[PDB]
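# Commentary on secondary and tertiary structure
Read off the chains here:
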Amino acid sequence: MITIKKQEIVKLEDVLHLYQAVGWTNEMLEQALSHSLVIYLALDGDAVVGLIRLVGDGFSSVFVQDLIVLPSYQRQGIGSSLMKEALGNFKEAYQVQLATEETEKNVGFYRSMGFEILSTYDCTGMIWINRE
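Residues numbered from 1 in each chain as written, not as in the entry; some residues may be left out. Heavy atoms only, no water.

Judging from the entry metadata, X-ray crystallography is the method by which this structure was determined, and 2.01 Å is the reported resolution.

Here it is, written out as structure tokens:
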């Protein structure tokens, strides 16, 4: 049913429906898509139903920047598949990280993928809020 395909060029038109599906806010994104380490798509025949996008230097640091499945699919291992194929390229990267809404669903899913929350190690993510 579902195809996981590595992508070399990803144009925003072909994936904008996925970001809309979550949405939206803010594009930097057109530019971002060219400057990522890797992108995989999830395909239901010809339909684009999921995306993973990794960023970073690819050696010391890799970040799971976008992980999207259409909320209409899901719970059939699409997110897992996307994660396992993309991260397979980076199995020796020094640190691999991500930031998520801290819900039981999100956290339970990333833990099933082998990720742990930073507080378990007395660490924290921080985000730039005040730029002046």
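## Some points on the nonpolar core
Core analysis: the biggest nonpolar cluster contains 33 residues, and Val15, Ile52, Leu54 and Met83 have the highest contact counts within it. Among the elements of the structure, α1 (12-20), β2 (38-44), β3 (47-56), β4 (61-69) and α3 (78-87) are those that each provide at least two residues to this core. The element that contributes the greatest number of residues to this core is β2, accounting for six residues. When neighbours within four sequence positions are excluded, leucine 54 is seen to be in contact with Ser36, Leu37, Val38, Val62, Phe63, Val64, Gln65, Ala86, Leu87 and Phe90. (Core = buried A, V, L, I, M, F, W, Y, C linked by side-chain atoms within 4.5 Å. Buried < 20%, exposed > 50% of the residue type's maximum accessible area, 1.4 Å probe, protein only. Helix = DSSP H or I, 4+ residues; strand = E, 2+ residues; numbered from the N terminus. Contact = heavy atoms within 4.5 Å.)

## Thoughts on the packing of aromatic side chains
Here the structure, examined in full by the defined rule, presents two aromatic pairs. Between the aromatic rings of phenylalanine 109 and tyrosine 110, the centroid separation amounts to 5.0 Å while the plane-to-plane angle is 65°, which identifies the pairing as edge-to-face. Here the aromatic rings of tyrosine 110 and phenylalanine 115 are separated by 6.4 Å at their centres, their planes lie at 70°, and the arrangement is edge-to-face. By relative accessible area, which is 13% here, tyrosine 110 ends up buried. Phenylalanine 115 gets classed as buried once you look at its relative accessible area, which sits at 16%. The structure contains a cluster of three or more aromatic residues connected by ring pairs, namely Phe109, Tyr110 and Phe115. (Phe/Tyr/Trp six-rings, centres within 6.5 Å; stacked < 30°, edge-to-face > 60°.)

## Focus on the environment of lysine 84
Tracing the backbone shows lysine 84 in helix α3. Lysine 84 gets classed as exposed once you look at its relative accessible area, which sits at 54%. Note: C-alpha distance between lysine 84 and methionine 113 (29 residues apart in sequence) is 8.2 Å.

## A few points about α1
All of the buried residues along α1 are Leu12, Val15, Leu18 and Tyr19. Projected down its long axis, α1 shows its buried positions confined to an angular sector of 110°, all on one face. Contact partners of the buried residues in α1: α2 (28-32), β2, β3 and β4. (Arc of directions from axis to C-beta.)

## Examining the side chain of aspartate 66
Counting through the fold element by element, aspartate 66 comes out in strand β4. A distance of 2.7 Å separates a polar atom in the side chain of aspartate 66 from a polar atom in the side chain of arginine 53. For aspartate 66, the contacting residues outside a window of four places in its chain are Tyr19, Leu29, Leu51, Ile52 and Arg53. (Polar contact = N/O pair within 3.5 Å; in protein donor to acceptor, adjacent residues only side chain to side chain.)

## Re the sheet that holds β2
Pairing is mixed in the open sheet, where five strands are placed in the order β1-β2-β3-β4-β5. Only two strands of the sheet have a single partner each, and these edge strands are β1 (2-7) and β5 (95-97). Sheet twist, expressed as the mean angle between neighbouring strand axes with direction ignored, is 20°. In terms of strand pairing, β2 meets β3 through seven bridges, oriented antiparallel. Each residue of the ladder has a partner; that of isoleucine 39, found in β3, is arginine 53. Contacting β1, β2, β3, β4 and β5, α3 crosses the sheet at an angle of about 155° to β4. (Pairing = 2+ DSSP bridges. Axes fitted to C-alpha atoms, helices over the stretch in contact; angles between N-to-C directions.)

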